[PDB]
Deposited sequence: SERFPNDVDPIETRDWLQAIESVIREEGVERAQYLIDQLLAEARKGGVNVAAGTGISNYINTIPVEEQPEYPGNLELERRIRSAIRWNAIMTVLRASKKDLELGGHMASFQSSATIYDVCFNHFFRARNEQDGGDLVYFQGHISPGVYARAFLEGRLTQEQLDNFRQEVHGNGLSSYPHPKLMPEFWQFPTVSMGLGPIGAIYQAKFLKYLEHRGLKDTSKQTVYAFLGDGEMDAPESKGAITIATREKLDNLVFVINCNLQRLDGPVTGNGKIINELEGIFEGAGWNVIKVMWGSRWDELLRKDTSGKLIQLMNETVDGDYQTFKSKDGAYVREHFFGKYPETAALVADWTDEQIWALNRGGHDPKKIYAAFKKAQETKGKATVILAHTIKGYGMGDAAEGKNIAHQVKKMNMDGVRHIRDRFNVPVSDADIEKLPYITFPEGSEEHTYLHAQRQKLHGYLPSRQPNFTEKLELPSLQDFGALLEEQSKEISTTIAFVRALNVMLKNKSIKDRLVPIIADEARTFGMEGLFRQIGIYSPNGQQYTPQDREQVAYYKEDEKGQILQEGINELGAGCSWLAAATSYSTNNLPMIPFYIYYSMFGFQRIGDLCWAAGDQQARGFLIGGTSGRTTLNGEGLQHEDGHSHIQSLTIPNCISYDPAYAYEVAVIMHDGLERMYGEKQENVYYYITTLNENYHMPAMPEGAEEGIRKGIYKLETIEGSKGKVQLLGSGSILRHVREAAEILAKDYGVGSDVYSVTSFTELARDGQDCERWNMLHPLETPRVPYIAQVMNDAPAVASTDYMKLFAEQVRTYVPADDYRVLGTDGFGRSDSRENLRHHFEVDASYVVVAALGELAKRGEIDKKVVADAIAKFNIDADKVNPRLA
């Protein structure tokens, strides 16, 4: 760790290129409007909330960036990708308002978006599709998301897809936010990948939200130590310009010593006291130091400010970051929380107006007016000119990509639609579907297969030879191998899945991993992905509680679909056959990257178990997309039931269909449910519509148009709720669901399917049970099936096992 002073000594500090006075007048208007927006919202007394202190402490850091660094989207590239600290949004809206991009009506509707003309609390592309770009309010996601966005930009360049060399990724973070594991856990990656297009800006105001990050230590020293240890270029912006003379005079190096020994707690103390108290406890600690401020007046000593509030120190840091190559840069900016707010952190409103020389008269101050700069005014001219030289205004977002892709047709997946000679898995089918896409000249280079170390398990090695692994195995490799880092891989997927908007370059990512380590491990990222309008495919491999049989409790996934259904724009499927996979992937491509350009992403679970793959029934396409289609109708004179199955369990449901007809004369309609979730959502939409249109004829849920009223049984490799989801819509009086509720454990597939009570024998017993309650068969035939199938009717409920 170096001394507690600026990394860039004044001797190496470049001259500041801007008009300080004018930029400050503009900055003051932004500070004012940001505050008025929050205060006006507050007046409504609707508990809307909003922050002020945060933006106040970092306004100058952002101001320097908007005036001299941030490149807006242009014809060449998407510009600088800025991960704004979420809590400073009022500051971003304030500036956008001044730039005339937001109206006063919109600002007056800060945090009131239901009626269509408001502003989101934080950066949410989903809510403001033409304004915000990156969701950052979930502490920790911004930094790791930024690292991988930066790596993805390199990837796009290395693969000759787009020249992104002029794009810089900025991640603005708080020192408290650095406590999140995701904030520092992936920094060595920036070093390995030599991400010189990534800049971390850490606002070290030493004040989290409920106290300091570390009062007994020095958070800046901790951050420097670990970032330096990680190979990053660390730039500390500790003190303002007023300290430089003192540092030069300091010949005994006693001042440096004083600053080094002084701890955070001490520094936060002086912050509240006065100039006398400072030159007493601080400067008044050594004859050499106390002598430094002898000619200084208590007024001049109290003027000493921190580097994060000095445009000149800030510019030097960003400039150096911009020039650095070979490694990522982190700027530790020392600021004051609640800067210039005195009171907090009309008397208070008057204080800041005077503190920042805001152009608002006493006559208008009561009205909390917004300040504007008329066209022709010096401020208006400078504001727009600085931005014009930087290609425009940011943030901004284009909701749709412009080019038109020539997507492969379903026919191109022809081989997958016919019976398979060999027994394969849906995972192998997925890989084969990828190969089809890899043969489409229009999208072949747009595909981004992503893996987290394990590739052999997913039979992806076959692609390694075809398209290679991205490894700046060379920089032309198409596959992203992120190793044991699902969060990093997910961030790579997100960068690729939103490339269509960010760089107007549609990339189609396919992230394959252990389904268990998907939404469960990176769910916060999947939620952010929906907010970011990601369009891609998440492939949950080795899914199903009973299918990844030998791995046990922390690997067997019987609930990822329950987690995925919580995401509004995530479309989920659990296909049993190779042709369903083909149809679903095709529909997904067409919907997301076809003319429709729907803002959804696909979650498809695939299996590691091989079995016979039949041919797709004629006309089953639409049913497969909708989520359900009748596979076949097995005849039977002693009764009729409906059997629904999905994923690896469908095969067993069909076995049960045979047993029911062969041994009990019970016929049935067997349906393959490719997506219980899509069916449930369709049902919900129908009932909602019916409720709001009482004078109209009721709409019928699709599942209800496909099924009849005969007793039904459903079984899947996921917890029961996955299939119980559609209960309200099933037009039968009886609907029994089997599922894999409970912790997984190690064993053979057969033992697990029996243990979780989802195999053929249980489907049969469940079906006979429903028929028995209808009087179609004697309850005793049910009790005998139980004995016959060696079913332990008294074993503990698997959910409790």
**OP:** Identify which parts of the deposited sequence carry no C-alpha coordinates, going from the N-terminal end onward.
**Re:** 1-55, 401-413, 541-557
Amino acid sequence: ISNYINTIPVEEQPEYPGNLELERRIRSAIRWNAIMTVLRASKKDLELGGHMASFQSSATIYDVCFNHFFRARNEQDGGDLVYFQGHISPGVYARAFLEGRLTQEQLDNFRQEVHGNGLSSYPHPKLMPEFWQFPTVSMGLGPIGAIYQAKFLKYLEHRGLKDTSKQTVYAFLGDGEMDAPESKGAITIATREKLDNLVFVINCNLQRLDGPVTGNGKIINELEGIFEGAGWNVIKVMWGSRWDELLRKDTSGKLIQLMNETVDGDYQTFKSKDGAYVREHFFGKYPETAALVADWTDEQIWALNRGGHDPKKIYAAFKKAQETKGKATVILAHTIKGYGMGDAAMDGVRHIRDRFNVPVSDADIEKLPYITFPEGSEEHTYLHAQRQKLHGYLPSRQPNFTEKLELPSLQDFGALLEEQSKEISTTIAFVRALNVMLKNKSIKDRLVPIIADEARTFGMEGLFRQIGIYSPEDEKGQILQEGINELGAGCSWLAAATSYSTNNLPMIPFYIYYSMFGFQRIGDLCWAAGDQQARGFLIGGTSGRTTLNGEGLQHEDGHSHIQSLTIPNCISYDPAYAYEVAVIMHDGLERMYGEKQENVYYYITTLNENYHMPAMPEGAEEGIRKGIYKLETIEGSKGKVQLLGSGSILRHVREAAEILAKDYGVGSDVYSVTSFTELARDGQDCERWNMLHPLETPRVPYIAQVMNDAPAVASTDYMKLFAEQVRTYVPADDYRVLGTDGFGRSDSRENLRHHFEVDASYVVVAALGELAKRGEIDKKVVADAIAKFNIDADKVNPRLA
From here on, numbers count along this sequence of modelled residues.
Original post:
Which wins on mean Cα temperature factor, 773-781 or 7-15?
Top reply: 773-781
Original post:
Averaging C-alpha B-factors over each stretch, which comes out higher, 491-499 or 401-409?
Top reply: 401-409
**OP:** Name the one of 529, 452, 713, 570 with the greatest CA B-factor according to the PDB entry.
**Re:** 452
Original post:
Which one, 236, 688, 312, 351, has the peak C-alpha temperature factor per the PDB entry?
Top reply: 351
**OP:** Pull the Cα B-factor of residue 75 out of the PDB entry and bin it into the chain's lowest, middle or highest third.
**Re:** highest
**OP:** Would you mind checking where the Cα B-factor of residue 757 ranks among the modelled residues of its chain, as the lowest, middle or highest third?
**Re:** lowest
Subject >> Cα B factor band for residue 563 (lowest, middle or highest third within the chain) >> reply: lowest
Original post:
Within this chain, which third does the Cα B-factor at residue 720 fall in: lowest, middle or highest?
Top reply: lowest
**OP:** Comparing against every modelled residue in the chain, figure out the third that the C-alpha B-factor of residue 99 lands in (lowest, middle or highest).
**Re:** middle
